[PDB]
>>> print(open('final-v5.csv').read())   # CSV, C-alpha atoms and all ligand atoms
chain,number,residue,atom,x,y,z
A,2,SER,CA,12.8,15.3,-17.3
A,3,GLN,CA,12.1,11.8,-15.8
A,4,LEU,CA,10.0,13.5,-13.1
A,5,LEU,CA,7.8,14.9,-15.9
A,6,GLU,CA,7.5,11.6,-17.7
A,7,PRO,CA,4.0,10.0,-17.7
A,8,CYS,CA,3.6,6.6,-16.2
A,9,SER,CA,1.1,3.8,-15.7
A,10,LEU,CA,0.0,2.4,-12.3
A,11,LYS,CA,-2.2,-0.6,-13.1
A,12,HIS,CA,-5.0,0.9,-15.2
A,13,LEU,CA,-4.2,4.5,-14.1
A,14,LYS,CA,-2.5,6.8,-16.5
A,15,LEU,CA,-0.5,9.4,-14.5
A,16,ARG,CA,0.7,12.6,-16.1
A,17,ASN,CA,4.0,12.6,-14.3
A,18,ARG,CA,6.0,10.8,-11.6
A,19,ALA,CA,5.3,13.4,-8.8
A,20,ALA,CA,3.1,12.4,-5.9
A,21,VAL,CA,2.0,14.3,-2.8
A,22,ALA,CA,3.0,12.2,0.3
A,23,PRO,CA,0.4,11.4,2.9
A,24,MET,CA,0.3,14.1,5.6
A,25,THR,CA,-1.9,14.1,8.7
A,26,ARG,CA,-3.6,17.5,9.1
A,27,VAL,CA,-6.2,16.7,11.8
A,28,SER,CA,-8.6,19.1,10.0
A,29,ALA,CA,-11.7,16.8,9.6
A,30,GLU,CA,-14.9,16.9,11.6
A,31,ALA,CA,-14.8,15.6,15.2
A,32,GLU,CA,-16.7,12.4,14.2
A,33,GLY,CA,-14.6,11.7,11.1
A,34,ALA,CA,-16.3,13.3,8.1
A,35,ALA,CA,-14.2,15.2,5.6
A,36,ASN,CA,-15.2,18.8,4.8
A,37,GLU,CA,-14.9,21.8,2.4
A,38,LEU,CA,-11.6,23.1,3.8
A,39,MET,CA,-10.1,19.7,3.0
A,40,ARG,CA,-11.6,19.9,-0.5
A,41,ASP,CA,-9.8,23.1,-1.3
A,42,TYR,CA,-6.6,21.9,0.3
A,43,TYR,CA,-6.3,18.7,-1.7
A,44,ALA,CA,-7.5,20.3,-4.9
A,45,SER,CA,-4.7,22.8,-4.7
A,46,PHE,CA,-2.0,20.1,-5.1
A,47,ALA,CA,-3.8,18.8,-8.2
A,48,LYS,CA,-4.1,22.3,-9.6
A,49,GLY,CA,-0.3,22.6,-8.9
A,50,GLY,CA,0.4,19.7,-11.3
A,51,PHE,CA,1.0,16.7,-9.1
A,52,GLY,CA,0.1,13.5,-11.1
A,53,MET,CA,-1.0,11.8,-7.9
A,54,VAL,CA,-2.2,12.9,-4.5
A,55,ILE,CA,-2.1,10.5,-1.6
A,56,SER,CA,-4.4,11.4,1.3
A,57,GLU,CA,-3.5,11.7,4.9
A,58,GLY,CA,-4.0,8.5,6.9
A,59,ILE,CA,-7.7,7.8,7.1
A,60,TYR,CA,-9.1,5.6,9.9
A,61,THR,CA,-10.8,2.4,9.0
A,62,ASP,CA,-13.3,1.4,11.7
A,63,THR,CA,-15.4,2.7,14.6
A,64,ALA,CA,-13.3,0.8,17.2
A,65,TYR,CA,-9.6,1.3,17.9
A,66,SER,CA,-8.5,2.5,14.4
A,67,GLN,CA,-8.8,6.3,14.9
A,68,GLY,CA,-5.4,7.7,16.0
A,69,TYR,CA,-5.9,11.5,16.3
A,70,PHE,CA,-8.8,13.8,17.2
A,71,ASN,CA,-10.3,15.4,14.1
A,72,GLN,CA,-8.7,12.8,11.8
A,73,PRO,CA,-10.9,11.7,8.9
A,74,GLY,CA,-12.4,8.3,8.6
A,75,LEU,CA,-13.7,5.9,5.9
A,76,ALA,CA,-15.5,3.6,8.4
A,77,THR,CA,-19.1,4.6,7.7
A,78,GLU,CA,-21.2,5.4,4.7
A,79,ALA,CA,-21.4,9.0,6.0
A,80,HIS,CA,-17.6,9.1,5.9
A,81,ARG,CA,-17.6,7.7,2.4
A,82,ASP,CA,-20.1,10.3,1.2
A,83,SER,CA,-18.2,13.1,2.8
A,84,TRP,CA,-15.1,12.3,0.6
A,85,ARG,CA,-17.0,12.3,-2.7
A,86,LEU,CA,-16.8,16.0,-3.4
A,87,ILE,CA,-13.1,16.0,-2.4
A,88,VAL,CA,-12.4,13.1,-4.8
A,89,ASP,CA,-14.3,15.0,-7.6
A,90,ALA,CA,-12.3,18.2,-7.0
A,91,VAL,CA,-9.0,16.4,-7.2
A,92,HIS,CA,-10.1,14.6,-10.3
A,93,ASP,CA,-11.4,17.8,-12.0
A,94,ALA,CA,-7.8,19.0,-11.8
A,95,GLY,CA,-6.3,15.9,-13.4
A,96,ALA,CA,-4.7,14.1,-10.4
A,97,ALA,CA,-5.2,10.5,-9.4
A,98,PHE,CA,-6.2,10.3,-5.7
A,99,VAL,CA,-5.3,7.5,-3.4
A,100,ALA,CA,-6.8,7.0,0.1
A,101,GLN,CA,-4.2,6.0,2.7
A,102,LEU,CA,-5.9,3.7,5.2
A,103,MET,CA,-4.4,3.6,8.7
A,104,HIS,CA,-5.0,2.1,12.2
A,105,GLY,CA,-3.4,4.0,15.1
A,106,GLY,CA,-2.3,0.9,17.1
A,107,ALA,CA,0.0,1.8,19.9
A,108,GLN,CA,0.6,5.3,18.5
A,109,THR,CA,-2.9,6.6,19.0
A,110,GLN,CA,-3.1,10.0,20.7
A,111,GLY,CA,-6.9,10.5,20.5
A,112,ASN,CA,-9.8,8.3,19.7
A,113,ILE,CA,-13.4,9.2,20.3
A,114,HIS,CA,-14.5,5.6,21.2
A,115,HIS,CA,-11.8,4.4,23.6
A,116,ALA,CA,-9.0,5.4,25.9
A,117,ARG,CA,-7.7,1.9,25.7
A,118,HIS,CA,-5.3,1.2,22.8
A,119,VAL,CA,-4.4,-2.1,21.1
A,120,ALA,CA,-1.1,-3.4,19.7
A,121,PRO,CA,0.4,-6.9,18.9
A,122,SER,CA,2.1,-6.8,22.3
A,123,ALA,CA,1.6,-4.7,25.4
A,124,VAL,CA,4.8,-2.7,25.0
A,125,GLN,CA,5.0,1.1,25.5
A,126,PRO,CA,6.4,3.0,22.5
A,127,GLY,CA,9.4,5.2,23.2
A,128,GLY,CA,9.6,8.8,22.2
A,129,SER,CA,6.9,11.3,22.9
A,130,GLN,CA,3.5,12.2,21.4
A,131,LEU,CA,3.5,14.6,18.5
A,132,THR,CA,2.0,17.8,20.0
A,133,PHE,CA,0.9,19.3,16.7
A,134,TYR,CA,-1.6,16.5,16.3
A,135,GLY,CA,-3.0,16.9,19.8
A,136,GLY,CA,-1.5,15.3,22.9
A,137,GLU,CA,1.7,15.5,25.0
A,138,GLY,CA,4.1,13.3,26.8
A,139,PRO,CA,4.7,9.6,26.8
A,140,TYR,CA,2.7,7.2,24.6
A,141,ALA,CA,0.3,5.0,26.5
A,142,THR,CA,1.1,1.4,27.0
A,143,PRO,CA,-1.3,-0.5,24.7
A,144,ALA,CA,-3.2,-3.6,25.6
A,145,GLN,CA,-2.3,-6.8,23.8
A,146,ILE,CA,-4.7,-7.1,20.9
A,147,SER,CA,-7.0,-10.2,20.9
A,148,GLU,CA,-7.8,-12.5,18.0
A,149,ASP,CA,-11.3,-11.0,17.9
A,150,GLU,CA,-9.9,-7.5,17.8
A,151,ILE,CA,-7.5,-8.5,15.0
A,152,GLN,CA,-10.4,-9.8,12.9
A,153,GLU,CA,-12.4,-6.6,13.6
A,154,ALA,CA,-9.4,-4.6,12.5
A,155,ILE,CA,-8.9,-6.6,9.3
A,156,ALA,CA,-12.6,-6.3,8.4
A,157,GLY,CA,-12.4,-2.6,9.0
A,158,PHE,CA,-9.5,-2.2,6.4
A,159,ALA,CA,-11.6,-4.1,3.9
A,160,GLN,CA,-14.8,-2.1,4.5
A,161,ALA,CA,-12.9,1.2,4.4
A,162,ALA,CA,-11.2,0.1,1.1
A,163,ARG,CA,-14.7,-0.7,-0.4
A,164,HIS,CA,-15.8,2.7,0.8
A,165,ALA,CA,-12.8,4.4,-0.8
A,166,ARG,CA,-13.6,2.7,-4.1
A,167,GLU,CA,-17.3,3.7,-3.8
A,168,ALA,CA,-16.3,7.3,-3.1
A,169,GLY,CA,-14.4,7.3,-6.4
A,170,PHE,CA,-10.8,7.1,-5.1
A,171,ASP,CA,-8.4,5.6,-7.7
A,172,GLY,CA,-6.7,3.4,-5.2
A,173,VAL,CA,-5.9,2.7,-1.5
A,174,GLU,CA,-2.6,2.7,0.3
A,175,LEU,CA,-2.5,0.3,3.3
A,176,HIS,CA,-0.4,2.0,6.0
A,177,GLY,CA,2.3,-0.5,7.0
A,178,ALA,CA,4.8,2.1,8.1
A,179,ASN,CA,5.7,4.8,10.6
A,180,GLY,CA,5.0,2.8,13.7
A,181,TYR,CA,1.3,2.4,13.4
A,182,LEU,CA,-0.6,-0.9,13.8
A,183,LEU,CA,0.5,-2.9,10.8
A,184,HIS,CA,4.1,-1.8,11.2
A,185,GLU,CA,4.0,-2.9,14.9
A,186,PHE,CA,3.1,-6.4,13.7
A,187,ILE,CA,6.0,-6.3,11.1
A,188,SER,CA,8.6,-5.3,13.7
A,189,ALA,CA,10.7,-7.6,15.8
A,190,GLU,CA,10.8,-5.2,18.7
A,191,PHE,CA,7.1,-4.7,19.1
A,192,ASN,CA,5.6,-8.0,17.9
A,193,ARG,CA,6.4,-10.4,20.7
A,194,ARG,CA,3.4,-12.7,20.0
A,195,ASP,CA,3.8,-16.5,20.1
A,196,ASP,CA,0.7,-17.2,18.0
A,197,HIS,CA,0.3,-17.3,14.2
A,198,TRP,CA,0.6,-13.5,14.0
A,199,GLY,CA,4.1,-13.5,15.4
A,200,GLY,CA,7.4,-15.3,14.7
A,201,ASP,CA,10.4,-14.7,12.5
A,202,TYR,CA,10.7,-11.8,10.1
A,203,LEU,CA,8.4,-13.5,7.5
A,204,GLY,CA,6.0,-14.9,10.1
A,205,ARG,CA,5.5,-11.3,11.3
A,206,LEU,CA,4.1,-10.4,7.8
A,207,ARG,CA,1.0,-12.5,8.4
A,208,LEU,CA,-1.2,-9.7,9.6
A,209,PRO,CA,-0.3,-7.3,6.7
A,210,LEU,CA,-0.8,-10.3,4.3
A,211,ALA,CA,-4.2,-11.0,5.8
A,212,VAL,CA,-5.1,-7.3,5.4
A,213,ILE,CA,-4.0,-7.4,1.7
A,214,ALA,CA,-6.2,-10.5,1.1
A,215,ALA,CA,-9.2,-9.0,2.8
A,216,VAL,CA,-8.9,-5.7,1.0
A,217,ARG,CA,-8.5,-7.4,-2.4
A,218,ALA,CA,-11.7,-9.4,-1.8
A,219,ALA,CA,-13.6,-6.2,-1.0
A,220,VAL,CA,-12.3,-4.1,-3.9
A,221,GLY,CA,-11.8,-6.7,-6.7
A,222,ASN,CA,-8.9,-7.4,-8.9
A,223,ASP,CA,-9.0,-4.2,-11.0
A,224,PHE,CA,-8.6,-1.6,-8.2
A,225,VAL,CA,-5.2,-0.2,-7.2
A,226,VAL,CA,-3.9,-1.4,-3.8
A,227,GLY,CA,-0.5,-0.3,-2.5
A,228,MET,CA,1.2,-0.5,0.9
A,229,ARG,CA,3.5,2.0,2.6
A,230,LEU,CA,6.5,0.5,4.4
A,231,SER,CA,9.3,1.9,6.6
A,232,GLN,CA,12.0,1.0,9.1
A,233,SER,CA,11.4,4.2,11.1
A,234,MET,CA,8.6,4.7,13.5
A,235,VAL,CA,7.2,8.0,14.8
A,236,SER,CA,8.0,6.7,18.3
A,237,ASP,CA,11.6,5.7,17.2
A,238,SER,CA,13.1,7.2,14.0
A,239,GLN,CA,16.2,5.1,14.4
A,240,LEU,CA,14.6,1.6,14.3
A,241,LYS,CA,15.9,-0.8,11.6
A,242,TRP,CA,14.2,-3.8,9.9
A,243,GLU,CA,15.7,-7.0,11.4
A,244,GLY,CA,18.6,-8.2,9.3
A,245,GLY,CA,19.8,-6.4,6.2
A,246,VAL,CA,19.4,-6.3,2.5
A,247,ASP,CA,18.4,-9.9,1.8
A,248,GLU,CA,15.7,-10.0,4.4
A,249,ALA,CA,14.3,-6.7,3.1
A,250,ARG,CA,14.1,-8.1,-0.4
A,251,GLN,CA,12.2,-11.1,1.0
A,252,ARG,CA,9.6,-8.8,2.8
A,253,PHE,CA,9.1,-6.7,-0.3
A,254,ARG,CA,8.6,-9.8,-2.5
A,255,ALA,CA,6.2,-11.4,-0.1
A,256,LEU,CA,4.0,-8.3,0.2
A,257,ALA,CA,4.1,-7.5,-3.5
A,258,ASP,CA,3.3,-11.1,-4.4
A,259,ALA,CA,0.2,-11.1,-2.2
A,260,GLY,CA,-1.2,-8.8,-5.0
A,261,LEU,CA,-0.1,-5.2,-4.3
A,262,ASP,CA,0.0,-2.9,-7.3
A,263,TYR,CA,2.8,-0.6,-5.8
A,264,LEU,CA,5.0,-0.2,-2.8
A,265,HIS,CA,5.6,3.2,-1.2
A,266,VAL,CA,8.7,3.3,1.0
A,267,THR,CA,9.7,6.1,3.4
A,268,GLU,CA,13.0,6.7,5.2
A,269,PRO,CA,14.6,9.7,7.1
A,270,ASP,CA,16.7,10.2,4.0
A,271,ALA,CA,15.5,8.5,0.8
A,272,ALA,CA,19.0,8.6,-0.8
A,273,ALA,CA,20.9,7.0,2.1
A,274,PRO,CA,21.8,3.3,2.4
A,275,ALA,CA,19.1,1.3,4.1
A,276,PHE,CA,21.5,-0.7,6.3
A,277,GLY,CA,24.6,1.5,6.5
A,278,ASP,CA,26.4,0.1,3.3
A,279,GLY,CA,24.9,-0.5,-0.1
A,280,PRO,CA,21.6,0.3,-1.6
A,281,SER,CA,18.9,2.7,-0.4
A,282,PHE,CA,15.6,1.2,0.9
A,283,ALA,CA,13.8,2.3,-2.2
A,284,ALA,CA,16.5,0.8,-4.4
A,285,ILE,CA,16.2,-2.5,-2.6
A,286,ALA,CA,12.5,-2.6,-3.2
A,287,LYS,CA,12.7,-1.5,-6.9
A,288,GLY,CA,15.4,-4.2,-7.5
A,289,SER,CA,13.3,-7.0,-5.9
A,290,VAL,CA,9.8,-6.4,-7.3
A,291,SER,CA,8.3,-5.7,-10.7
A,292,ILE,CA,5.5,-3.3,-9.4
A,293,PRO,CA,6.2,0.4,-9.2
A,294,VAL,CA,8.0,1.8,-6.2
A,295,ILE,CA,7.2,5.3,-4.8
A,296,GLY,CA,10.1,6.6,-2.7
A,297,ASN,CA,10.1,9.3,0.0
A,298,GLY,CA,12.1,11.1,2.6
A,299,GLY,CA,13.8,14.5,2.4
A,300,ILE,CA,13.4,15.0,-1.4
A,301,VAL,CA,13.2,18.8,-1.7
A,302,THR,CA,14.5,20.0,-5.1
A,303,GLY,CA,13.9,19.1,-8.7
A,304,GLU,CA,17.5,18.0,-9.0
A,305,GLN,CA,17.3,15.6,-6.1
A,306,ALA,CA,14.1,14.0,-7.4
A,307,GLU,CA,15.6,13.7,-10.9
A,308,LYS,CA,18.7,12.0,-9.5
A,309,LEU,CA,16.7,9.4,-7.6
A,310,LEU,CA,14.6,8.6,-10.7
A,311,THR,CA,17.5,8.6,-13.2
A,312,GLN,CA,19.6,6.4,-10.9
A,313,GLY,CA,16.8,3.8,-10.7
A,314,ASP,CA,16.2,4.1,-7.0
A,315,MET,CA,12.4,4.6,-7.4
A,316,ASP,CA,9.7,4.9,-10.1
A,317,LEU,CA,7.8,7.8,-8.5
A,318,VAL,CA,8.8,10.5,-6.0
A,319,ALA,CA,6.5,11.4,-3.1
A,320,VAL,CA,7.1,14.7,-1.4
A,321,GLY,CA,5.5,16.0,1.7
A,322,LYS,CA,7.2,19.1,3.0
A,323,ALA,CA,8.2,20.3,-0.5
A,324,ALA,CA,4.5,20.0,-1.6
A,325,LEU,CA,3.5,22.1,1.4
A,326,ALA,CA,6.2,24.6,0.6
A,327,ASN,CA,4.9,24.8,-3.0
A,328,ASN,CA,1.7,23.1,-4.0
A,329,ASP,CA,2.8,23.7,-7.7
A,330,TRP,CA,6.2,22.0,-7.0
A,331,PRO,CA,6.2,20.0,-10.3
A,332,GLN,CA,5.2,23.1,-12.4
A,333,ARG,CA,7.9,25.3,-10.7
A,334,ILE,CA,10.6,22.7,-11.4
A,335,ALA,CA,9.6,22.6,-15.1
A,336,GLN,CA,9.7,26.5,-15.3
A,337,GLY,CA,13.0,26.7,-13.4
A,338,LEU,CA,11.4,28.7,-10.7
A,339,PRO,CA,12.7,28.9,-7.2
A,340,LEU,CA,11.1,26.9,-4.4
A,341,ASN,CA,10.1,28.2,-1.0
A,342,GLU,CA,11.9,26.7,1.9
A,343,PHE,CA,9.6,24.6,4.1
A,344,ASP,CA,9.0,26.4,7.4
A,345,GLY,CA,7.7,24.2,10.3
A,346,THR,CA,6.3,27.2,12.1
A,347,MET,CA,3.3,26.7,9.7
A,348,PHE,CA,2.3,23.7,12.0
A,349,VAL,CA,2.5,25.5,15.3
A,350,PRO,CA,0.7,24.7,17.6
A,351,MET,CA,-1.5,22.3,15.6
A,352,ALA,CA,-0.8,21.2,12.0
A,353,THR,CA,-4.3,22.1,10.8
A,354,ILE,CA,-5.3,23.6,7.5
A,355,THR,CA,-6.7,26.6,9.3
A,356,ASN,CA,-3.4,27.3,11.0
A,357,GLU,CA,-1.6,26.9,7.7
A,358,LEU,CA,-3.8,29.4,6.0
A,359,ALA,CA,-3.3,32.0,8.7
A,360,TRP,CA,0.4,31.4,8.5
A,361,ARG,CA,0.4,31.9,4.7
A,362,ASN,CA,-1.6,35.1,5.1
A,363,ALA,CA,0.9,36.5,7.7
A,364,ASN,CA,4.0,35.6,5.6
A,365,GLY,CA,2.8,36.3,2.1
A,366,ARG,CA,3.5,32.7,1.2
A,367,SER,CA,0.9,31.5,-1.3
A,368,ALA,CA,0.7,27.7,-1.8
A,369,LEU,CA,0.4,28.3,-5.6
B,1,LIG,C1,2.3,17.1,9.0
B,1,LIG,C2,2.7,15.7,8.5
B,1,LIG,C3,1.9,14.7,8.6
B,1,LIG,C4,2.3,13.4,8.2
B,1,LIG,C5,3.5,13.2,7.7
B,1,LIG,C6,4.4,14.2,7.6
B,1,LIG,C7,4.0,15.5,8.0
B,1,LIG,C8,5.0,16.7,7.8
B,1,LIG,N1,3.8,11.9,7.3
B,1,LIG,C9,5.2,11.6,6.7
B,1,LIG,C10,5.2,12.1,5.2
B,1,LIG,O1,4.4,11.3,4.4
B,1,LIG,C11,6.6,12.1,4.7
B,1,LIG,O2,7.0,10.7,4.6
B,1,LIG,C12,7.6,12.8,5.6
B,1,LIG,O3,7.2,14.1,5.8
B,1,LIG,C13,9.0,12.8,5.0
B,1,LIG,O4,9.0,13.1,3.6
B,1,LIG,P1,9.2,14.6,3.2
B,1,LIG,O5,10.6,15.0,3.6
B,1,LIG,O6,8.2,15.4,3.9
B,1,LIG,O7,9.1,14.7,1.7
B,1,LIG,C14,2.8,10.9,7.2
B,1,LIG,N2,3.0,9.7,6.6
B,1,LIG,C15,2.0,8.8,6.4
B,1,LIG,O8,2.2,7.7,5.9
B,1,LIG,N3,0.8,9.1,6.9
B,1,LIG,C16,0.5,10.3,7.5
B,1,LIG,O9,-0.7,10.5,7.8
B,1,LIG,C17,1.5,11.2,7.6
B,1,LIG,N4,1.4,12.3,8.3
B,2,CL,CL,11.6,-6.2,11.6
>>> encode(input="final-v5.csv", output="structure tokens", more="lines below")
Ligand SMILES: Cc1cc2c(cc1C)N(C[C@H](O)[C@H](O)[C@H](O)COP(=O)(O)O)c1[nH]c(=O)[nH]c(=O)c1N2
Ligand SMILES: [Cl-]
Amino acid sequence: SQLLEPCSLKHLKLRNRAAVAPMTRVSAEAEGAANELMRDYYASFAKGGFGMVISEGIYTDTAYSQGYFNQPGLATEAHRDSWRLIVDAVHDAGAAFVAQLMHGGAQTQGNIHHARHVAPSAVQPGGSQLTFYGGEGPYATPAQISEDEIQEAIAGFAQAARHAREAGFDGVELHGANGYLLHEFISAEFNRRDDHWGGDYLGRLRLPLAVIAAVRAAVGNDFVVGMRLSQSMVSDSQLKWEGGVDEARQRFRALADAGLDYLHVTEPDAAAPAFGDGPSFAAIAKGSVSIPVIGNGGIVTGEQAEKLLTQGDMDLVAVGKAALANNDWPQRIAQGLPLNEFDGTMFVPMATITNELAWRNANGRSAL
């Protein structure tokens, strides 16, 4: 019942507390524009009753930001205009639509402008490239990003956010998670800089704080700006935030107090303790800031979502795999209908919309 309670997010009035989590589908045009297949794809979640749809990570600039081939952008006016009809379709079905803004950093696998990658420090990520986005084998070692490249990246977030607002999105989500550029700056392991972008766990927030400030100047004070945060990285799902609960509370507070309107946190298991003992990562955030907290990670069933909301571990519930398994997830929960089990073969060999549609046709598994 709490899942189907309306809520407010700044000036936005959301019909329920169900959100579609951001998911990279590498189904845009080769030079970054969104398209009609993406229109139908995103509209389907809105028709399925989600109160809020968060886009896949959208790149921000025409320099290093693009992380995957056929990833959409918001860097140019052509990119902006290509999203308009998608925004309109999601809105016509009654969902708010938030543009996730992301810079690939050290986790880039394909970028049409450069083979060179940039990161706070020249440290190769561990793990291995995600083949279903295009690419195989070890991550490249990134070049240490320069002050001029940092300023270009900040300006790109601001411009992409202004483009999101102009295209009609209801908000932006700054991608500070999952091992991408902003998270690399947050992290102790990968931000080894000795300048004013490095330091202790608070000093390392300076780049995300600068991005928040620049974005807020570009979009004004009435537009929704959130940030996604995680301990995990795509290159290392076991990584922890330095310290424990108290240092986590301080990061959440610093970022929120810079003028975010929500936090979105993601963990391998949203219900598990963040630091081995004690509260979940989402619960820590919700107990340290007044703005809404969207939680995420392994939330599959209606009962699981309801438990997280009714226990006070989060204000909204973002689902990825469950939304792909049933685009009408919130409606099916209300009707007591069974859910489909998520089946990762739908992403083989590339996680594109086209491959999903072929898989659904072969398996009789309608999204709605
Ligand atoms: C195909 C695909 C693509 C992406 C993701 C996932 C999947 C399956 N995830 C992570 C996603 O938002 C979510 O956090 C995880 O899938 C875990 O939550 P669920 O268990 O799926 O509810 C992700 N997260 C994000 O912040 N930006 C992104 O672009 C993507 N890309
Ligand atoms: Cl850290």
>>> residues_near_ligand(input="final-v5.csv", ligand="ligand CL 2 (chain B)", cutoff="7 Å", atoms="all atoms listed in the file", output="ChimeraX atom specification")
/A:187-189,202,241-243
>>> residues_around(input="final-v5.csv", residues="residue 228 of chain A", least_positions_apart="2", cutoff="6 Å", atoms="only C-alpha atoms", output="list in words")
residues 174, 175, 176 and 264 of chain A
>>> residues_near_ligand(input="final-v5.csv", ligand="ligand LIG 1 (chain B)", cutoff="8 Å", atoms="all atoms listed in the file", output="MDAnalysis selection string")
chainID A and resid 22:26 56:59 101 103 176 178:179 229 267:270 297:301 319:324 348 352
>>> residues_around(input="final-v5.csv", residues="residue 193 of chain A", least_positions_apart="6", cutoff="8 Å", atoms="only C-alpha atoms", output="PDB file with C-alpha atoms, keeping the file's coordinate frame")
ATOM      1  CA  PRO A 121       0.400  -6.900  18.900  1.00  0.00           C
ATOM      2  CA  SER A 122       2.100  -6.800  22.300  1.00  0.00           C
ATOM      3  CA  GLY A 199       4.100 -13.500  15.400  1.00  0.00           C
ATOM      4  CA  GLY A 200       7.400 -15.300  14.700  1.00  0.00           C
TER       5      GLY A 200
END
>>> residues_around(input="final-v5.csv", residues="residue 123 of chain A", least_positions_apart="6", cutoff="12 Å", atoms="all atoms listed in the file", output="tab-separated table (two decimals) with C-alpha atoms, in the coordinates of the input")
chain	number	residue	atom	x	y	z
A	106	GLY	CA	-2.30	0.90	17.10
A	107	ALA	CA	0.00	1.80	19.90
A	117	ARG	CA	-7.70	1.90	25.70
A	140	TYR	CA	2.70	7.20	24.60
A	141	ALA	CA	0.30	5.00	26.50
A	142	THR	CA	1.10	1.40	27.00
A	143	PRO	CA	-1.30	-0.50	24.70
A	144	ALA	CA	-3.20	-3.60	25.60
A	145	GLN	CA	-2.30	-6.80	23.80
A	146	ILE	CA	-4.70	-7.10	20.90
A	147	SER	CA	-7.00	-10.20	20.90
A	185	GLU	CA	4.00	-2.90	14.90
A	186	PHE	CA	3.10	-6.40	13.70
A	190	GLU	CA	10.80	-5.20	18.70
A	191	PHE	CA	7.10	-4.70	19.10
A	192	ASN	CA	5.60	-8.00	17.90
A	193	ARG	CA	6.40	-10.40	20.70
A	194	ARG	CA	3.40	-12.70	20.00
>>> residues_around(input="final-v5.csv", residues="residue 97 of chain A", least_positions_apart="4", cutoff="9 Å", atoms="all atoms listed in the file", output="list in words")
residues 13, 14, 15, 47, 51, 52, 53, 54, 55, 88, 91, 92, 170, 171 and 172 of chain A
>>> atom_distance(input="final-v5.csv", atom1="atom CA of residue 90 of chain A", atom2="atom CA of residue 44 of chain A")
5.6 Å
>>> closest_residue(input="final-v5.csv", among="A:364, A:2, A:305, A:9", to="residue 332 of chain A", atoms="all atoms listed in the file")
A:2
>>> atom_distance(input="final-v5.csv", atom1="atom CA of residue 138 of chain A", atom2="atom CA of residue 28 of chain A")
21.8 Å
>>> closest_residue(input="final-v5.csv", among="A:206, A:212, A:340, A:235", to="residue 109 of chain A", atoms="only C-alpha atoms")
A:235
>>> closest_residue(input="final-v5.csv", among="A:257, A:339, A:328, A:3", to="residue 367 of chain A", atoms="all atoms listed in the file")
A:328
>>> residues_around(input="final-v5.csv", residues="residue 251 of chain A", least_positions_apart="5", cutoff="9 Å", atoms="only C-alpha atoms", output="list in words")
residues 203, 246, 256 and 289 of chain A
>>> closest_residue(input="final-v5.csv", among="A:308, A:265, A:287, A:361", to="residue 173 of chain A", atoms="only C-alpha atoms")
A:265
>>> closest_residue(input="final-v5.csv", among="A:154, A:282, A:310, A:211", to="residue 253 of chain A", atoms="all atoms listed in the file")
A:282
>>> residues_near_point(input="final-v5.csv", point="(3.1, 10.9, 18.4)", cutoff="8 Å", atoms="all atoms listed in the file", output="ChimeraX atom specification")
/A:108-110,128-132,134,136,140,235-236
>>> closest_atom_pairs(input="final-v5.csv", of="segment 102-165 of chain A", to="segment 29-37 of chain A", cutoff="12 Å", atoms="only C-alpha atoms", output="Markdown table")
| residue | atom | partner | partner_atom | distance |
| --- | --- | --- | --- | --- |
| A:111 | CA | A:31 | CA | 10.8 |
| A:112 | CA | A:32 | CA | 9.7 |
| A:113 | CA | A:32 | CA | 7.6 |
| A:114 | CA | A:32 | CA | 10.0 |
>>> closest_residue(input="final-v5.csv", among="A:80, A:65, A:248, A:8", to="residue 118 of chain A", atoms="all atoms listed in the file")
A:65
>>> atom_distance(input="final-v5.csv", atom1="atom CA of residue 96 of chain A", atom2="atom CA of residue 327 of chain A")
16.2 Å
